[PDB]
There are 2 protein chains.
Amino acid sequence: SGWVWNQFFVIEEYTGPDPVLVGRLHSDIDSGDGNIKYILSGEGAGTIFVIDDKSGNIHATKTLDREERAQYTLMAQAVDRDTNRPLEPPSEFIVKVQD
Amino acid sequence: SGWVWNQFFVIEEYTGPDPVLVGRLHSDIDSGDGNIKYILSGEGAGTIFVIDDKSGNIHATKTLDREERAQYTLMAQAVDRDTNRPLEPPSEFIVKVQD
């Protein structure tokens with residue numbers, strides 16, 4: 001419908017050594033049995049942004065400076081914990097570092 | 001698809017008498033010329049949660065406690081700034097008060 005909902009943000013001074021919550025990848029088919037696995041990839045994945053593939057929560061790990069980088073494009077995936085076959089179609093989302 | 005992008009969150013220990021950024025409403029028909037007006041409705045709209053109807057930035061105005069309220073369900077709308085004709089269908093979104 002043209003609404004845009006697939007972005008998170010981190011309000012920056014909150015960033016540093018201590019990990020802060022960015023957001024949660026989540027499919028509506030996740031019954032909570034923990035048999036779906038969330039795969040994060042893209043800009044800053046596995047360094048700046050890290051995910052728990054059971055809970056789907058993304059954290060920021062470093063001090064971030066909006067001047068150096070305004071935002072990051074990451075890719076979401078939801079695959080089955082055992083077949084590893086995609087449930088949801090992979091989709092991009094953006095993380096915006098806040099002023 | 002079944003991806004869920006329409007929930008913001010607020011970390012408890014940042015809420016207070018200082019407004020915290022919650023999220024941005026945004027349509028892709030927004031051309032950044034201020035002709036689209038962002039409207040918020042439902043639980044806490046216009047008290048707890050406040051919008052700038054031009055940028056679409058949402059803010060939390062109060063301390064929040066997930067013990068008292070885990071969750072706020074609200075409604076996002078967009079109208080033409082002077083005709084007030086809706087430009088999008090309403091879209092429900094929820095804000096989660098984070099542990």
# chains A, B, ... in the order shown; residues from 1 in each chain; ligands from 1
>>> select_by_dssp(residues="chain A", states="strand (DSSP E)", output="PDB file with N, CA, C and O atoms, in the first residue's frame")
ATOM      1  N   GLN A   7      12.093  -0.445   8.569  1.00  0.00           N
ATOM      2  CA  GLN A   7      13.306   0.170   9.066  1.00  0.00           C
ATOM      3  C   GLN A   7      13.362   0.180  10.572  1.00  0.00           C
ATOM      4  O   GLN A   7      12.339   0.275  11.245  1.00  0.00           O
ATOM      5  N   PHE A   8      14.569   0.029  11.098  1.00  0.00           N
ATOM      6  CA  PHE A   8      14.804   0.285  12.511  1.00  0.00           C
ATOM      7  C   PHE A   8      15.720   1.481  12.599  1.00  0.00           C
ATOM      8  O   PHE A   8      16.163   2.009  11.572  1.00  0.00           O
ATOM      9  N   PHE A   9      15.983   1.933  13.813  1.00  0.00           N
ATOM     10  CA  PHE A   9      16.861   3.074  14.002  1.00  0.00           C
ATOM     11  C   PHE A   9      17.583   2.848  15.311  1.00  0.00           C
ATOM     12  O   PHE A   9      17.092   2.133  16.188  1.00  0.00           O
ATOM     13  N   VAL A  10      18.755   3.443  15.439  1.00  0.00           N
ATOM     14  CA  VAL A  10      19.438   3.456  16.716  1.00  0.00           C
ATOM     15  C   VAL A  10      19.827   4.871  17.020  1.00  0.00           C
ATOM     16  O   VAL A  10      20.445   5.549  16.210  1.00  0.00           O
ATOM     17  N   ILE A  11      19.459   5.330  18.212  1.00  0.00           N
ATOM     18  CA  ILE A  11      19.729   6.704  18.620  1.00  0.00           C
ATOM     19  C   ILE A  11      21.063   6.811  19.350  1.00  0.00           C
ATOM     20  O   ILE A  11      21.233   6.260  20.438  1.00  0.00           O
ATOM     21  N   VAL A  20      23.036  -2.462  22.248  1.00  0.00           N
ATOM     22  CA  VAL A  20      21.657  -1.926  22.331  1.00  0.00           C
ATOM     23  C   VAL A  20      20.725  -2.630  21.358  1.00  0.00           C
ATOM     24  O   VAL A  20      21.158  -3.044  20.278  1.00  0.00           O
ATOM     25  N   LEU A  21      19.449  -2.749  21.722  1.00  0.00           N
ATOM     26  CA  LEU A  21      18.463  -3.411  20.855  1.00  0.00           C
ATOM     27  C   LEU A  21      18.094  -2.563  19.636  1.00  0.00           C
ATOM     28  O   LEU A  21      17.706  -1.417  19.770  1.00  0.00           O
ATOM     29  N   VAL A  22      18.214  -3.121  18.446  1.00  0.00           N
ATOM     30  CA  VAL A  22      17.877  -2.384  17.238  1.00  0.00           C
ATOM     31  C   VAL A  22      16.432  -2.670  16.860  1.00  0.00           C
ATOM     32  O   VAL A  22      15.670  -1.768  16.512  1.00  0.00           O
ATOM     33  N   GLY A  23      16.065  -3.942  16.937  1.00  0.00           N
ATOM     34  CA  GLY A  23      14.765  -4.409  16.478  1.00  0.00           C
ATOM     35  C   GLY A  23      14.701  -5.928  16.407  1.00  0.00           C
ATOM     36  O   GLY A  23      15.621  -6.642  16.855  1.00  0.00           O
ATOM     37  N   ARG A  24      13.616  -6.440  15.842  1.00  0.00           N
ATOM     38  CA  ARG A  24      13.432  -7.871  15.823  1.00  0.00           C
ATOM     39  C   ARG A  24      13.000  -8.274  14.447  1.00  0.00           C
ATOM     40  O   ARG A  24      12.058  -7.713  13.927  1.00  0.00           O
ATOM     41  N   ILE A  36      12.246 -21.910  13.729  1.00  0.00           N
ATOM     42  CA  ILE A  36      12.538 -21.040  12.619  1.00  0.00           C
ATOM     43  C   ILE A  36      13.807 -20.283  13.005  1.00  0.00           C
ATOM     44  O   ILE A  36      14.030 -19.978  14.193  1.00  0.00           O
ATOM     45  N   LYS A  37      14.636 -20.031  11.987  1.00  0.00           N
ATOM     46  CA  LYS A  37      15.972 -19.478  12.125  1.00  0.00           C
ATOM     47  C   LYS A  37      16.042 -18.224  11.284  1.00  0.00           C
ATOM     48  O   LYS A  37      15.771 -18.254  10.069  1.00  0.00           O
ATOM     49  N   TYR A  38      16.406 -17.129  11.949  1.00  0.00           N
ATOM     50  CA  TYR A  38      16.539 -15.825  11.323  1.00  0.00           C
ATOM     51  C   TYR A  38      17.978 -15.545  10.898  1.00  0.00           C
ATOM     52  O   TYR A  38      18.906 -15.540  11.719  1.00  0.00           O
ATOM     53  N   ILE A  39      18.155 -15.307   9.606  1.00  0.00           N
ATOM     54  CA  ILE A  39      19.475 -15.026   9.056  1.00  0.00           C
ATOM     55  C   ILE A  39      19.624 -13.543   8.676  1.00  0.00           C
ATOM     56  O   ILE A  39      18.930 -13.028   7.767  1.00  0.00           O
ATOM     57  N   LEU A  40      20.543 -12.868   9.361  1.00  0.00           N
ATOM     58  CA  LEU A  40      20.855 -11.489   9.060  1.00  0.00           C
ATOM     59  C   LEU A  40      22.065 -11.469   8.151  1.00  0.00           C
ATOM     60  O   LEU A  40      23.049 -12.173   8.394  1.00  0.00           O
ATOM     61  N   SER A  41      21.970 -10.684   7.084  1.00  0.00           N
ATOM     62  CA  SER A  41      23.136 -10.354   6.278  1.00  0.00           C
ATOM     63  C   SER A  41      23.072  -8.902   5.790  1.00  0.00           C
ATOM     64  O   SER A  41      22.089  -8.187   6.026  1.00  0.00           O
ATOM     65  N   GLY A  42      24.137  -8.457   5.135  1.00  0.00           N
ATOM     66  CA  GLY A  42      24.151  -7.118   4.574  1.00  0.00           C
ATOM     67  C   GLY A  42      25.081  -6.216   5.339  1.00  0.00           C
ATOM     68  O   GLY A  42      25.863  -6.686   6.166  1.00  0.00           O
ATOM     69  N   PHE A  49      25.968  -5.101  13.616  1.00  0.00           N
ATOM     70  CA  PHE A  49      24.683  -5.659  13.949  1.00  0.00           C
ATOM     71  C   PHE A  49      24.833  -7.156  14.024  1.00  0.00           C
ATOM     72  O   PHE A  49      25.399  -7.773  13.124  1.00  0.00           O
ATOM     73  N   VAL A  50      24.322  -7.726  15.108  1.00  0.00           N
ATOM     74  CA  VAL A  50      24.378  -9.148  15.377  1.00  0.00           C
ATOM     75  C   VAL A  50      22.959  -9.572  15.705  1.00  0.00           C
ATOM     76  O   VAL A  50      22.227  -8.813  16.357  1.00  0.00           O
ATOM     77  N   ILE A  51      22.561 -10.761  15.255  1.00  0.00           N
ATOM     78  CA  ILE A  51      21.230 -11.293  15.574  1.00  0.00           C
ATOM     79  C   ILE A  51      21.283 -12.579  16.414  1.00  0.00           C
ATOM     80  O   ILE A  51      22.250 -13.310  16.368  1.00  0.00           O
ATOM     81  N   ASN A  57      16.164 -10.983  17.645  1.00  0.00           N
ATOM     82  CA  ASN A  57      16.562  -9.650  18.068  1.00  0.00           C
ATOM     83  C   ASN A  57      17.894  -9.254  17.500  1.00  0.00           C
ATOM     84  O   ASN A  57      18.850 -10.047  17.510  1.00  0.00           O
ATOM     85  N   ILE A  58      17.957  -8.014  17.034  1.00  0.00           N
ATOM     86  CA  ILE A  58      19.185  -7.457  16.514  1.00  0.00           C
ATOM     87  C   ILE A  58      19.751  -6.476  17.524  1.00  0.00           C
ATOM     88  O   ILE A  58      19.014  -5.676  18.096  1.00  0.00           O
ATOM     89  N   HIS A  59      21.058  -6.562  17.758  1.00  0.00           N
ATOM     90  CA  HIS A  59      21.739  -5.592  18.600  1.00  0.00           C
ATOM     91  C   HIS A  59      22.818  -4.866  17.822  1.00  0.00           C
ATOM     92  O   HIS A  59      23.365  -5.404  16.845  1.00  0.00           O
ATOM     93  N   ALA A  60      23.097  -3.633  18.243  1.00  0.00           N
ATOM     94  CA  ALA A  60      24.255  -2.894  17.764  1.00  0.00           C
ATOM     95  C   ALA A  60      25.374  -3.075  18.786  1.00  0.00           C
ATOM     96  O   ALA A  60      25.119  -3.043  19.992  1.00  0.00           O
ATOM     97  N   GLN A  71      23.075   5.344   7.587  1.00  0.00           N
ATOM     98  CA  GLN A  71      22.179   4.175   7.590  1.00  0.00           C
ATOM     99  C   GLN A  71      22.801   2.954   6.935  1.00  0.00           C
ATOM    100  O   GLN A  71      23.776   3.088   6.206  1.00  0.00           O
ATOM    101  N   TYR A  72      22.224   1.778   7.188  1.00  0.00           N
ATOM    102  CA  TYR A  72      22.760   0.515   6.695  1.00  0.00           C
ATOM    103  C   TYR A  72      21.627  -0.285   6.100  1.00  0.00           C
ATOM    104  O   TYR A  72      20.536  -0.305   6.673  1.00  0.00           O
ATOM    105  N   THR A  73      21.873  -0.929   4.953  1.00  0.00           N
ATOM    106  CA  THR A  73      20.903  -1.836   4.334  1.00  0.00           C
ATOM    107  C   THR A  73      21.241  -3.262   4.681  1.00  0.00           C
ATOM    108  O   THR A  73      22.301  -3.786   4.288  1.00  0.00           O
ATOM    109  N   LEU A  74      20.322  -3.885   5.405  1.00  0.00           N
ATOM    110  CA  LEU A  74      20.469  -5.272   5.822  1.00  0.00           C
ATOM    111  C   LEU A  74      19.410  -6.108   5.175  1.00  0.00           C
ATOM    112  O   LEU A  74      18.378  -5.586   4.753  1.00  0.00           O
ATOM    113  N   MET A  75      19.677  -7.410   5.103  1.00  0.00           N
ATOM    114  CA  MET A  75      18.730  -8.363   4.549  1.00  0.00           C
ATOM    115  C   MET A  75      18.241  -9.353   5.597  1.00  0.00           C
ATOM    116  O   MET A  75      19.053  -9.934   6.349  1.00  0.00           O
ATOM    117  N   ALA A  76      16.914  -9.528   5.628  1.00  0.00           N
ATOM    118  CA  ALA A  76      16.234 -10.479   6.510  1.00  0.00           C
ATOM    119  C   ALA A  76      15.972 -11.795   5.783  1.00  0.00           C
ATOM    120  O   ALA A  76      15.677 -11.807   4.589  1.00  0.00           O
ATOM    121  N   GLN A  77      16.092 -12.905   6.497  1.00  0.00           N
ATOM    122  CA  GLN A  77      15.618 -14.186   5.985  1.00  0.00           C
ATOM    123  C   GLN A  77      15.001 -15.008   7.102  1.00  0.00           C
ATOM    124  O   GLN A  77      15.456 -14.957   8.259  1.00  0.00           O
ATOM    125  N   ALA A  78      13.961 -15.766   6.767  1.00  0.00           N
ATOM    126  CA  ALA A  78      13.398 -16.715   7.720  1.00  0.00           C
ATOM    127  C   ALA A  78      13.394 -18.082   7.088  1.00  0.00           C
ATOM    128  O   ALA A  78      12.633 -18.340   6.150  1.00  0.00           O
ATOM    129  N   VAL A  79      14.273 -18.945   7.590  1.00  0.00           N
ATOM    130  CA  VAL A  79      14.384 -20.304   7.075  1.00  0.00           C
ATOM    131  C   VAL A  79      14.032 -21.283   8.170  1.00  0.00           C
ATOM    132  O   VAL A  79      14.100 -20.944   9.353  1.00  0.00           O
ATOM    133  N   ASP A  80      13.667 -22.494   7.769  1.00  0.00           N
ATOM    134  CA  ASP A  80      13.378 -23.565   8.707  1.00  0.00           C
ATOM    135  C   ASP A  80      14.646 -24.058   9.400  1.00  0.00           C
ATOM    136  O   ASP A  80      15.653 -24.341   8.745  1.00  0.00           O
ATOM    137  N   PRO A  86      13.821 -21.648   2.826  1.00  0.00           N
ATOM    138  CA  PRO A  86      13.147 -20.376   3.106  1.00  0.00           C
ATOM    139  C   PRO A  86      11.632 -20.520   3.381  1.00  0.00           C
ATOM    140  O   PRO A  86      10.947 -21.244   2.663  1.00  0.00           O
ATOM    141  N   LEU A  87      11.137 -19.857   4.430  1.00  0.00           N
ATOM    142  CA  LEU A  87       9.703 -19.801   4.700  1.00  0.00           C
ATOM    143  C   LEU A  87       9.202 -18.517   4.058  1.00  0.00           C
ATOM    144  O   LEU A  87       8.560 -18.560   3.003  1.00  0.00           O
ATOM    145  N   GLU A  88       9.542 -17.379   4.655  1.00  0.00           N
ATOM    146  CA  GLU A  88       9.282 -16.059   4.058  1.00  0.00           C
ATOM    147  C   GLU A  88      10.298 -15.749   2.930  1.00  0.00           C
ATOM    148  O   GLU A  88      11.420 -16.281   2.953  1.00  0.00           O
ATOM    149  N   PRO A  89       9.906 -14.906   1.930  1.00  0.00           N
ATOM    150  CA  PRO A  89      10.871 -14.470   0.892  1.00  0.00           C
ATOM    151  C   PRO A  89      11.849 -13.489   1.495  1.00  0.00           C
ATOM    152  O   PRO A  89      11.418 -12.597   2.233  1.00  0.00           O
ATOM    153  N   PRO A  90      13.151 -13.620   1.180  1.00  0.00           N
ATOM    154  CA  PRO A  90      14.111 -12.709   1.794  1.00  0.00           C
ATOM    155  C   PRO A  90      13.729 -11.266   1.488  1.00  0.00           C
ATOM    156  O   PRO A  90      13.276 -10.984   0.381  1.00  0.00           O
ATOM    157  N   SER A  91      13.864 -10.369   2.458  1.00  0.00           N
ATOM    158  CA  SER A  91      13.564  -8.966   2.196  1.00  0.00           C
ATOM    159  C   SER A  91      14.515  -8.015   2.908  1.00  0.00           C
ATOM    160  O   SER A  91      14.955  -8.301   4.028  1.00  0.00           O
ATOM    161  N   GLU A  92      14.804  -6.884   2.253  1.00  0.00           N
ATOM    162  CA  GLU A  92      15.698  -5.851   2.797  1.00  0.00           C
ATOM    163  C   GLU A  92      15.028  -5.026   3.878  1.00  0.00           C
ATOM    164  O   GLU A  92      13.807  -4.906   3.898  1.00  0.00           O
ATOM    165  N   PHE A  93      15.823  -4.477   4.794  1.00  0.00           N
ATOM    166  CA  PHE A  93      15.350  -3.433   5.705  1.00  0.00           C
ATOM    167  C   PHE A  93      16.506  -2.498   5.977  1.00  0.00           C
ATOM    168  O   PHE A  93      17.644  -2.841   5.678  1.00  0.00           O
ATOM    169  N   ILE A  94      16.223  -1.318   6.517  1.00  0.00           N
ATOM    170  CA  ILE A  94      17.251  -0.297   6.718  1.00  0.00           C
ATOM    171  C   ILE A  94      17.402   0.064   8.193  1.00  0.00           C
ATOM    172  O   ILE A  94      16.409   0.188   8.924  1.00  0.00           O
ATOM    173  N   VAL A  95      18.642   0.240   8.635  1.00  0.00           N
ATOM    174  CA  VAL A  95      18.864   0.772   9.972  1.00  0.00           C
ATOM    175  C   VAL A  95      19.409   2.198   9.876  1.00  0.00           C
ATOM    176  O   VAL A  95      20.437   2.441   9.252  1.00  0.00           O
ATOM    177  N   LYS A  96      18.693   3.143  10.472  1.00  0.00           N
ATOM    178  CA  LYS A  96      19.070   4.555  10.382  1.00  0.00           C
ATOM    179  C   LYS A  96      19.700   5.001  11.688  1.00  0.00           C
ATOM    180  O   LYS A  96      19.091   4.846  12.742  1.00  0.00           O
ATOM    181  N   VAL A  97      20.919   5.532  11.623  1.00  0.00           N
ATOM    182  CA  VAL A  97      21.604   6.035  12.821  1.00  0.00           C
ATOM    183  C   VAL A  97      21.076   7.425  13.169  1.00  0.00           C
ATOM    184  O   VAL A  97      21.116   8.333  12.348  1.00  0.00           O
ATOM    185  N   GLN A  98      20.590   7.600  14.389  1.00  0.00           N
ATOM    186  CA  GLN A  98      19.878   8.827  14.706  1.00  0.00           C
ATOM    187  C   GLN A  98      20.705   9.962  15.285  1.00  0.00           C
ATOM    188  O   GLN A  98      21.410   9.817  16.286  1.00  0.00           O
TER     189      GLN A  98
END
>>> closest_atom_pairs(of="chain B", to="chain A", cutoff="6 Å", atoms="only C-alpha atoms", output="tab-separated table")
residue	atom	partner	partner_atom	distance
B:2	CA	A:28	CA	5.1
B:3	CA	A:27	CA	4.5
B:4	CA	A:26	CA	5.7
B:5	CA	A:6	CA	5.1
B:6	CA	A:5	CA	5.5
B:26	CA	A:4	CA	5.6
B:27	CA	A:3	CA	4.2
B:28	CA	A:2	CA	5.1
>>> write_last_selection(atoms="C-alpha atoms", output="PDB file, in the first residue's frame")
ATOM      1  CA  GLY B   2       4.359 -12.675   6.589  1.00  0.00           C
ATOM      2  CA  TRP B   3       7.230 -10.424   7.668  1.00  0.00           C
ATOM      3  CA  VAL B   4       6.171  -8.180  10.550  1.00  0.00           C
ATOM      4  CA  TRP B   5       7.683  -4.695  10.296  1.00  0.00           C
ATOM      5  CA  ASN B   6       5.004  -2.620  11.979  1.00  0.00           C
ATOM      6  CA  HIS B  26       6.175   7.118   6.147  1.00  0.00           C
ATOM      7  CA  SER B  27       4.451   6.576   2.852  1.00  0.00           C
ATOM      8  CA  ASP B  28       6.427   6.101  -0.386  1.00  0.00           C
TER       9      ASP B  28
END
>>> calpha_fit_and_write(fixed="chain B", moving="chain A", output="PDB file with C-alpha atoms, in the first residue's frame")
ATOM      1  CA  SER A   1       4.264 -12.357   2.621  1.00  0.00           C
ATOM      2  CA  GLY A   2       3.793 -12.853   6.346  1.00  0.00           C
ATOM      3  CA  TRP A   3       6.815 -10.846   7.498  1.00  0.00           C
ATOM      4  CA  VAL A   4       5.649  -8.365  10.153  1.00  0.00           C
ATOM      5  CA  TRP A   5       7.283  -4.965  10.119  1.00  0.00           C
ATOM      6  CA  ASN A   6       4.697  -2.566  11.529  1.00  0.00           C
ATOM      7  CA  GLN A   7       5.909  -2.314  15.099  1.00  0.00           C
ATOM      8  CA  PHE A   8       8.113   0.072  16.990  1.00  0.00           C
ATOM      9  CA  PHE A   9       9.471  -0.370  20.481  1.00  0.00           C
ATOM     10  CA  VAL A  10      10.704   1.840  23.264  1.00  0.00           C
ATOM     11  CA  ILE A  11      13.346   0.594  25.657  1.00  0.00           C
ATOM     12  CA  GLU A  12      11.801   1.750  28.738  1.00  0.00           C
ATOM     13  CA  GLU A  13      14.211   3.215  31.290  1.00  0.00           C
ATOM     14  CA  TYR A  14      15.014   5.613  28.450  1.00  0.00           C
ATOM     15  CA  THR A  15      11.498   6.968  28.968  1.00  0.00           C
ATOM     16  CA  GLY A  16      10.587   9.840  31.293  1.00  0.00           C
ATOM     17  CA  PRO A  17       9.822  13.573  31.059  1.00  0.00           C
ATOM     18  CA  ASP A  18      12.359  13.864  28.110  1.00  0.00           C
ATOM     19  CA  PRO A  19      10.720  12.803  24.816  1.00  0.00           C
ATOM     20  CA  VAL A  20      12.314   9.764  23.048  1.00  0.00           C
ATOM     21  CA  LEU A  21      11.952   8.805  19.368  1.00  0.00           C
ATOM     22  CA  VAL A  22       9.635   5.836  18.825  1.00  0.00           C
ATOM     23  CA  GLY A  23       9.621   5.701  15.037  1.00  0.00           C
ATOM     24  CA  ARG A  24       8.378   7.381  11.904  1.00  0.00           C
ATOM     25  CA  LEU A  25       5.164   7.057   9.989  1.00  0.00           C
ATOM     26  CA  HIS A  26       6.119   7.313   6.344  1.00  0.00           C
ATOM     27  CA  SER A  27       4.501   6.634   2.983  1.00  0.00           C
ATOM     28  CA  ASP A  28       6.644   5.942  -0.077  1.00  0.00           C
ATOM     29  CA  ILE A  29       4.725   8.610  -2.013  1.00  0.00           C
ATOM     30  CA  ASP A  30       5.956  11.327   0.378  1.00  0.00           C
ATOM     31  CA  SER A  31       8.196  13.362  -1.922  1.00  0.00           C
ATOM     32  CA  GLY A  32       9.362  15.435   1.063  1.00  0.00           C
ATOM     33  CA  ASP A  33       7.544  18.581  -0.125  1.00  0.00           C
ATOM     34  CA  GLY A  34       5.722  18.338   3.228  1.00  0.00           C
ATOM     35  CA  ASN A  35       2.264  18.225   1.582  1.00  0.00           C
ATOM     36  CA  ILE A  36       1.235  15.021   3.238  1.00  0.00           C
ATOM     37  CA  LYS A  37      -0.092  14.938   6.803  1.00  0.00           C
ATOM     38  CA  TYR A  38       0.368  12.019   9.163  1.00  0.00           C
ATOM     39  CA  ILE A  39      -2.474  11.335  11.583  1.00  0.00           C
ATOM     40  CA  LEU A  40      -1.756   9.261  14.681  1.00  0.00           C
ATOM     41  CA  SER A  41      -4.607   7.791  16.666  1.00  0.00           C
ATOM     42  CA  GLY A  42      -5.237   4.861  18.996  1.00  0.00           C
ATOM     43  CA  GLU A  43      -3.937   3.715  22.365  1.00  0.00           C
ATOM     44  CA  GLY A  44      -1.957   6.501  24.083  1.00  0.00           C
ATOM     45  CA  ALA A  45      -2.101   8.867  21.075  1.00  0.00           C
ATOM     46  CA  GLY A  46      -1.975  12.572  21.987  1.00  0.00           C
ATOM     47  CA  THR A  47      -0.778  11.741  25.489  1.00  0.00           C
ATOM     48  CA  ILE A  48       2.009   9.105  25.618  1.00  0.00           C
ATOM     49  CA  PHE A  49       2.741   9.121  21.913  1.00  0.00           C
ATOM     50  CA  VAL A  50       2.740  12.364  19.968  1.00  0.00           C
ATOM     51  CA  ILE A  51       3.479  12.828  16.254  1.00  0.00           C
ATOM     52  CA  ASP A  52       4.824  15.646  14.087  1.00  0.00           C
ATOM     53  CA  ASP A  53       2.441  15.432  11.119  1.00  0.00           C
ATOM     54  CA  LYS A  54       4.999  16.954   8.758  1.00  0.00           C
ATOM     55  CA  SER A  55       8.023  14.777   9.679  1.00  0.00           C
ATOM     56  CA  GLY A  56       6.053  11.709  10.760  1.00  0.00           C
ATOM     57  CA  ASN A  57       8.178  11.151  13.841  1.00  0.00           C
ATOM     58  CA  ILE A  58       6.576   9.704  16.915  1.00  0.00           C
ATOM     59  CA  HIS A  59       7.858  10.466  20.397  1.00  0.00           C
ATOM     60  CA  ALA A  60       7.080   8.997  23.794  1.00  0.00           C
ATOM     61  CA  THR A  61       6.511  11.681  26.440  1.00  0.00           C
ATOM     62  CA  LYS A  62       6.019   9.851  29.783  1.00  0.00           C
ATOM     63  CA  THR A  63       7.884   7.373  31.962  1.00  0.00           C
ATOM     64  CA  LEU A  64       6.633   3.935  30.827  1.00  0.00           C
ATOM     65  CA  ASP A  65       6.443   0.676  32.826  1.00  0.00           C
ATOM     66  CA  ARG A  66       6.174  -2.571  30.843  1.00  0.00           C
ATOM     67  CA  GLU A  67       4.485  -4.193  33.861  1.00  0.00           C
ATOM     68  CA  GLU A  68       1.637  -1.650  33.687  1.00  0.00           C
ATOM     69  CA  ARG A  69       1.380  -1.957  29.876  1.00  0.00           C
ATOM     70  CA  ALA A  70       3.351  -4.243  27.580  1.00  0.00           C
ATOM     71  CA  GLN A  71       2.309  -2.614  24.258  1.00  0.00           C
ATOM     72  CA  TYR A  72      -0.044  -0.169  22.521  1.00  0.00           C
ATOM     73  CA  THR A  73      -2.038  -0.448  19.281  1.00  0.00           C
ATOM     74  CA  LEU A  74      -1.914   2.738  17.272  1.00  0.00           C
ATOM     75  CA  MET A  75      -3.346   3.648  13.907  1.00  0.00           C
ATOM     76  CA  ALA A  76      -1.439   5.310  11.053  1.00  0.00           C
ATOM     77  CA  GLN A  77      -2.981   7.524   8.385  1.00  0.00           C
ATOM     78  CA  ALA A  78      -1.534   9.476   5.482  1.00  0.00           C
ATOM     79  CA  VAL A  79      -3.833  12.164   4.156  1.00  0.00           C
ATOM     80  CA  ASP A  80      -3.275  15.077   1.807  1.00  0.00           C
ATOM     81  CA  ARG A  81      -2.380  18.334   3.600  1.00  0.00           C
ATOM     82  CA  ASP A  82      -5.209  20.251   1.796  1.00  0.00           C
ATOM     83  CA  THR A  83      -7.874  17.859   0.372  1.00  0.00           C
ATOM     84  CA  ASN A  84      -7.481  15.824   3.583  1.00  0.00           C
ATOM     85  CA  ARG A  85      -8.417  12.793   1.475  1.00  0.00           C
ATOM     86  CA  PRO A  86      -6.563   9.561   2.407  1.00  0.00           C
ATOM     87  CA  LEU A  87      -3.537   8.660   0.226  1.00  0.00           C
ATOM     88  CA  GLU A  88      -2.480   5.376   1.866  1.00  0.00           C
ATOM     89  CA  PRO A  89      -5.172   3.089   3.477  1.00  0.00           C
ATOM     90  CA  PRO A  90      -5.198   3.548   7.245  1.00  0.00           C
ATOM     91  CA  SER A  91      -3.231   0.785   8.970  1.00  0.00           C
ATOM     92  CA  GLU A  92      -2.512  -0.357  12.547  1.00  0.00           C
ATOM     93  CA  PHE A  93       0.920  -0.690  14.137  1.00  0.00           C
ATOM     94  CA  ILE A  94       2.086  -1.711  17.612  1.00  0.00           C
ATOM     95  CA  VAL A  95       4.439  -0.090  20.096  1.00  0.00           C
ATOM     96  CA  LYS A  96       6.096  -2.584  22.453  1.00  0.00           C
ATOM     97  CA  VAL A  97       7.532  -1.352  25.767  1.00  0.00           C
ATOM     98  CA  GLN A  98      10.872  -3.061  26.269  1.00  0.00           C
ATOM     99  CA  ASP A  99      11.845  -5.109  29.311  1.00  0.00           C
TER     100      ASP A  99
END
>>> decode(residues="stretch 13-38 of chain B", atoms="C-alpha atoms", output="short mmCIF file (atom, residue, chain, number, x, y, z; two decimals), in the first residue's frame")
data_model
loop_
_atom_site.label_atom_id
_atom_site.label_comp_id
_atom_site.auth_asym_id
_atom_site.auth_seq_id
_atom_site.Cartn_x
_atom_site.Cartn_y
_atom_site.Cartn_z
CA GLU B 13 14.97 3.03 31.06
CA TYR B 14 14.92 5.81 28.42
CA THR B 15 11.35 6.88 28.89
CA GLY B 16 10.77 9.88 31.15
CA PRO B 17 9.64 13.50 30.95
CA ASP B 18 12.01 13.87 27.95
CA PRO B 19 10.40 12.69 24.70
CA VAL B 20 12.08 9.61 23.18
CA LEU B 21 11.98 8.83 19.49
CA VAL B 22 9.72 5.79 18.85
CA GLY B 23 9.63 5.55 15.04
CA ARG B 24 8.66 7.33 11.81
CA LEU B 25 5.47 6.89 9.82
CA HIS B 26 6.18 7.12 6.15
CA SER B 27 4.45 6.58 2.85
CA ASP B 28 6.43 6.10 -0.39
CA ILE B 29 4.11 8.61 -2.02
CA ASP B 30 5.75 11.17 0.29
CA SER B 31 7.92 13.37 -1.95
CA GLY B 32 9.48 15.24 1.00
CA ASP B 33 7.65 18.46 0.14
CA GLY B 34 5.32 18.43 3.16
CA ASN B 35 2.14 17.87 1.14
CA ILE B 36 1.37 14.66 3.02
CA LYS B 37 0.13 14.97 6.66
CA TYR B 38 0.73 12.14 9.10
#
